[PDB]
$ cat target_0.tsv   # TSV, C-alpha atoms
chain	number	residue	atom	x	y	z
A	253	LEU	CA	7.99	10.75	-7.70
A	254	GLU	CA	5.63	12.05	-10.39
A	255	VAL	CA	5.35	10.79	-13.97
A	256	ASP	CA	2.71	11.68	-16.55
A	257	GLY	CA	-0.05	12.43	-14.07
A	258	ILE	CA	0.57	9.53	-11.64
A	259	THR	CA	2.43	10.46	-8.46
A	260	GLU	CA	3.60	8.77	-5.27
A	261	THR	CA	5.02	10.21	-2.05
A	262	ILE	CA	6.37	8.33	0.98
A	263	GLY	CA	7.67	9.38	4.39
A	264	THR	CA	9.61	6.62	6.13
A	265	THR	CA	10.63	6.01	9.72
A	266	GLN	CA	14.24	6.45	8.61
A	267	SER	CA	15.65	9.75	9.82
A	268	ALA	CA	18.96	11.52	10.26
A	269	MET	CA	18.80	11.07	14.04
A	270	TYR	CA	17.10	7.66	14.33
A	271	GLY	CA	17.25	4.48	12.29
A	272	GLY	CA	14.31	2.73	10.70
A	273	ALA	CA	14.26	-0.10	13.24
A	274	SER	CA	15.11	2.11	16.24
A	275	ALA	CA	11.54	1.85	17.50
A	276	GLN	CA	11.71	-1.92	17.91
A	277	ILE	CA	15.17	-1.73	19.49
A	278	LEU	CA	13.86	0.76	22.04
A	279	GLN	CA	11.00	-1.57	22.98
A	280	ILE	CA	13.30	-4.60	23.12
A	281	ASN	CA	15.69	-2.71	25.39
A	282	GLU	CA	12.77	-1.76	27.63
A	283	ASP	CA	11.58	-5.37	27.86
A	284	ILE	CA	15.08	-6.72	28.50
A	285	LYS	CA	15.71	-4.23	31.30
A	286	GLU	CA	12.61	-5.36	33.18
A	287	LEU	CA	13.28	-8.99	32.29
A	288	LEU	CA	16.94	-8.96	33.31
A	289	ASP	CA	16.58	-6.94	36.51
A	290	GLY	CA	13.72	-9.13	37.68
A	291	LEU	CA	15.63	-12.26	36.72
A	292	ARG	CA	18.67	-11.04	38.66
A	293	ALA	CA	16.51	-11.43	41.77
A	294	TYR	CA	16.21	-15.16	41.08
A	295	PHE	CA	20.01	-15.44	41.39
A	296	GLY	CA	20.78	-12.50	43.68
A	297	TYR	CA	23.91	-10.50	44.33
A	298	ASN	CA	27.42	-11.95	44.52
A	299	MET	CA	29.43	-11.82	47.75
A	300	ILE	CA	32.99	-12.75	48.69
A	301	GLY	CA	34.89	-12.29	51.92
A	302	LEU	CA	38.22	-10.61	52.59
B	196	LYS	CA	-57.74	-3.79	-23.76
B	197	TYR	CA	-55.08	-1.39	-25.10
B	198	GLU	CA	-55.45	-2.18	-28.81
B	199	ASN	CA	-55.46	1.50	-29.83
B	200	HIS	CA	-53.70	3.45	-27.08
B	201	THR	CA	-50.48	5.30	-26.29
B	202	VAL	CA	-48.42	3.73	-23.50
B	203	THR	CA	-45.75	5.69	-21.63
B	204	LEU	CA	-43.15	4.28	-19.26
B	205	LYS	CA	-40.35	5.10	-16.87
B	206	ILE	CA	-37.60	2.51	-16.76
B	207	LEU	CA	-34.28	1.65	-15.14
B	208	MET	CA	-31.45	0.19	-17.21
B	209	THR	CA	-27.93	-1.00	-16.47
B	210	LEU	CA	-25.01	1.27	-17.28
B	211	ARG	CA	-22.80	0.58	-20.29
B	212	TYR	CA	-19.76	2.20	-21.86
B	213	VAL	CA	-17.65	1.75	-24.98
B	214	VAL	CA	-14.15	3.00	-25.73
B	215	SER	CA	-14.04	5.95	-28.13
B	216	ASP	CA	-10.42	7.02	-27.63
B	217	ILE	CA	-7.46	5.96	-25.51
B	218	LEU	CA	-5.84	8.78	-23.54
B	219	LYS	CA	-2.41	8.50	-21.90
B	220	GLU	CA	-2.22	4.99	-23.29
B	221	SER	CA	1.00	3.40	-22.04
B	222	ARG	CA	2.98	4.21	-18.90
B	223	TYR	CA	6.04	2.22	-17.92
B	224	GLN	CA	8.47	1.37	-15.15
B	225	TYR	CA	11.64	-0.74	-14.93
B	226	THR	CA	10.97	-2.29	-11.53
B	227	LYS	CA	14.23	-3.67	-10.14
B	228	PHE	CA	14.19	-3.25	-6.35
B	229	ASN	CA	13.82	-6.54	-4.47
B	230	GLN	CA	13.75	-8.55	-7.69
B	231	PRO	CA	16.03	-11.28	-9.05
B	232	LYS	CA	16.42	-9.10	-12.15
B	233	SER	CA	14.89	-6.14	-13.94
B	234	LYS	CA	11.23	-6.42	-14.90
B	235	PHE	CA	8.93	-4.37	-17.14
B	236	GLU	CA	5.41	-3.52	-15.99
B	237	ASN	CA	2.58	-1.60	-17.65
B	238	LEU	CA	0.98	1.07	-15.48
B	239	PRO	CA	-2.72	1.97	-15.73
B	240	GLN	CA	-4.15	3.34	-18.95
B	241	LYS	CA	-6.74	6.11	-19.07
B	242	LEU	CA	-9.84	5.62	-21.21
B	243	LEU	CA	-12.29	8.09	-22.73
B	244	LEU	CA	-15.68	6.39	-22.82
$ encode --input "target_0.tsv" --output "structure tokens"
Amino acid sequence: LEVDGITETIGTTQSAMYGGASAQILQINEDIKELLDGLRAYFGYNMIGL
Amino acid sequence: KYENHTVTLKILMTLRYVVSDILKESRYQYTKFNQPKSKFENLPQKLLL
């Protein structure tokens, strides 16, 4: 935007292919995957006979 | 000792300005985003000193 000699321009993280917060979601997903898979070791697999 | 003499000097002085004319006086904007209601704000003036 430009008015009477004062102008401002901004380029945001928002994009047609990715959302603004997509970066944080990607990191959170990464952390959860390590956190959950490691935590699944504390409980282990489930078994049942037949 | 210098009753009848001519004295010459070099000096430093602080800078000073006065306003002769105001150029691009008033610039405006109706800021509304992330506000309870519309607000009026005065953007910077330009001064000719």
$ atom_distance --input "target_0.tsv" --atom1 "atom CA of residue B:241" --atom2 "atom CA of residue B:207"
28.2 Å
$ closest_atom_pairs --input "target_0.tsv" --of "chain B" --to "chain A" --cutoff "12 Å" --atoms "all atoms listed in the file" --output "CSV"
residue,atom,partner,partner_atom,distance
B:218,CA,A:256,CA,11.4
B:219,CA,A:256,CA,8.1
B:220,CA,A:256,CA,10.7
B:221,CA,A:256,CA,10.1
B:222,CA,A:256,CA,7.8
B:223,CA,A:255,CA,9.5
B:224,CA,A:255,CA,10.0
B:238,CA,A:258,CA,9.3
B:239,CA,A:258,CA,9.2
B:240,CA,A:258,CA,10.7
B:241,CA,A:257,CA,10.5
$ atom_distance --input "target_0.tsv" --atom1 "atom CA of residue A:275" --atom2 "atom CA of residue A:293"
28.1 Å
$ closest_residue --input "target_0.tsv" --among "B:216, B:210, B:201, B:225" --to "residue B:237" --atoms "all atoms listed in the file"
B:225
$ atom_distance --input "target_0.tsv" --atom1 "atom CA of residue A:272" --atom2 "atom CA of residue A:253"
21.0 Å
$ decode --input "target_0.tsv" --residues "chain A" --atoms "C-alpha atoms" --output "tab-separated table (two decimals), in the first residue's frame"
chain	number	residue	atom	x	y	z
A	253	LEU	CA	0.00	0.00	0.00
A	254	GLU	CA	1.27	3.45	-0.98
A	255	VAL	CA	-0.26	6.80	-0.02
A	256	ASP	CA	1.22	10.27	-0.53
A	257	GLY	CA	4.85	9.18	-0.42
A	258	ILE	CA	4.61	6.69	2.47
A	259	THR	CA	4.50	3.03	1.45
A	260	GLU	CA	4.38	-0.38	3.12
A	261	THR	CA	4.80	-3.88	1.70
A	262	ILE	CA	4.40	-7.21	3.50
A	263	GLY	CA	4.92	-10.84	2.50
A	264	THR	CA	3.27	-13.27	4.91
A	265	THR	CA	3.71	-16.96	5.60
A	266	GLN	CA	0.18	-17.47	4.28
A	267	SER	CA	0.22	-19.12	0.87
A	268	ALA	CA	-2.08	-20.90	-1.55
A	269	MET	CA	-0.49	-24.27	-0.73
A	270	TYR	CA	0.31	-23.85	2.99
A	271	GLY	CA	-1.42	-22.10	5.85
A	272	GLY	CA	0.08	-19.44	8.06
A	273	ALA	CA	0.50	-21.75	11.05
A	274	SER	CA	1.51	-24.80	8.99
A	275	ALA	CA	5.11	-24.45	10.15
A	276	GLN	CA	4.22	-24.94	13.81
A	277	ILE	CA	1.87	-27.82	13.00
A	278	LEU	CA	4.67	-29.56	11.10
A	279	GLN	CA	7.02	-29.23	14.08
A	280	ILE	CA	4.33	-30.36	16.53
A	281	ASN	CA	3.61	-33.40	14.37
A	282	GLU	CA	7.33	-34.20	14.30
A	283	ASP	CA	7.61	-33.94	18.09
A	284	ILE	CA	4.47	-36.01	18.69
A	285	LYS	CA	5.66	-38.79	16.38
A	286	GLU	CA	8.89	-39.20	18.34
A	287	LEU	CA	7.06	-38.71	21.63
A	288	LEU	CA	4.27	-41.18	20.88
A	289	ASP	CA	6.39	-43.91	19.29
A	290	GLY	CA	8.86	-43.80	22.16
A	291	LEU	CA	6.03	-43.76	24.69
A	292	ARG	CA	4.46	-46.79	23.00
A	293	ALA	CA	7.54	-48.70	24.14
A	294	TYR	CA	6.62	-47.99	27.77
A	295	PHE	CA	3.35	-49.88	27.22
A	296	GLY	CA	4.32	-52.24	24.41
A	297	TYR	CA	2.30	-54.13	21.83
A	298	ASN	CA	-1.05	-55.80	22.47
A	299	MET	CA	-1.45	-59.57	22.20
A	300	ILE	CA	-4.43	-61.93	22.40
A	301	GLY	CA	-4.66	-65.66	21.82
A	302	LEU	CA	-6.90	-67.65	19.51
